[PDB]
Structures are given as structure tokens and as C-alpha cells.
């Protein structure tokens, strides 16, 4: 049913952003090790590039699956053409906010990396930048979860107005 479609897409998108955040946090703590050889540094960048690509692919896959389920509902007549419009617009918006969160996380991780390379070597002065990145990443996770629930909640309330 149309309500389960938007809900499932929202949970999946939020979940992929949480996976991305946890990887970037984990990669940034390894970039803190003083024994980090240039070999490990190359591998952390490859893991960061792969994590971003995976999040992009996985978020998009959830949205395409959701749109396909939405089109199945209107052809089965379980949803009229105005309700399909609303569900597709809500899936488009979820893709937008999830994609922004992914881009945000990538940019902040890059900024956090660049700061580590200009900061000192001791634990203090850039565990600060590590804590900061974790702090920003949690805020992005929470805001996306809030928007995902809130947007699905509002989709339901406006369906009745159709």
C-alpha cells in the first residue's frame, strides 16, 4: 500500500546515511593514528571513495524501488492519479534530502581530513576535529531521520485531503 511504500523508502534512506556516517567516522579515527603509513592513507581514501559511491547507489536503489512500487499501485488501482502524484513527489523529496545529507557528510569528512593535515601530531588538537566531525555527522543523521518520519507523516495527513 502507498503508505508502506513511502515509509520503507524513508527508513532505507536514513539507514544508508547512518552507514555512511559510521564509516566516515571510523575512517577519520584511523587517520588519527600516528603510525599511519602512506599505504594506509591511500587505502583510507579508497574506502572513503567507495563509501560515498555505495551510499549514492544504495539511496538511489531504494528510491527507484519505491517509485516502481508506486507505479504498481496505480496500475492495480489501489491509488488514484492524484495520490500517485503526491507519493512520487514525496519520494523525490526524500531522495533530495538524503542526497544532500550524503554530499554534506562527504564534504565535512574532506574538510576534517584537510584540517588534520594542517594540525599538529598530538592527540588533543585534532581529536578536537575528530569529535567535531562526529558531532556534525550525528546532527545530520538525526535531522534526516526527523525529516523522513515527518515527511511520511505529512504525506498521510494530506492524502485524506484528496
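Positions refer to the first chain, counted from 1.
Novice: Can you tell me which stretch has the higher mean Cα B-factor, 67 to 75 or 88 to 96?
Specialist: Mean CA B-factor is higher for 67 to 75.
Novice: Between 56 to 64 and 102 to 110, name whichever shows the higher mean Cα B factor according to the PDB entry.
Specialist: Mean B over CA atoms: larger for 102 to 110.
Novice: Between 137, 45, 51, 32, which one tops the list for C-alpha B-factor in the PDB entry?
Specialist: So the option with the highest C-alpha B-factor is 32.
Novice: Select lowest, middle or highest to describe the third in which the CA B-factor of residue 5 falls within its chain in this entry.
Specialist: As the PDB entry reports it, the C-alpha B-factor of residue 5 lands in the middle third of its chain.
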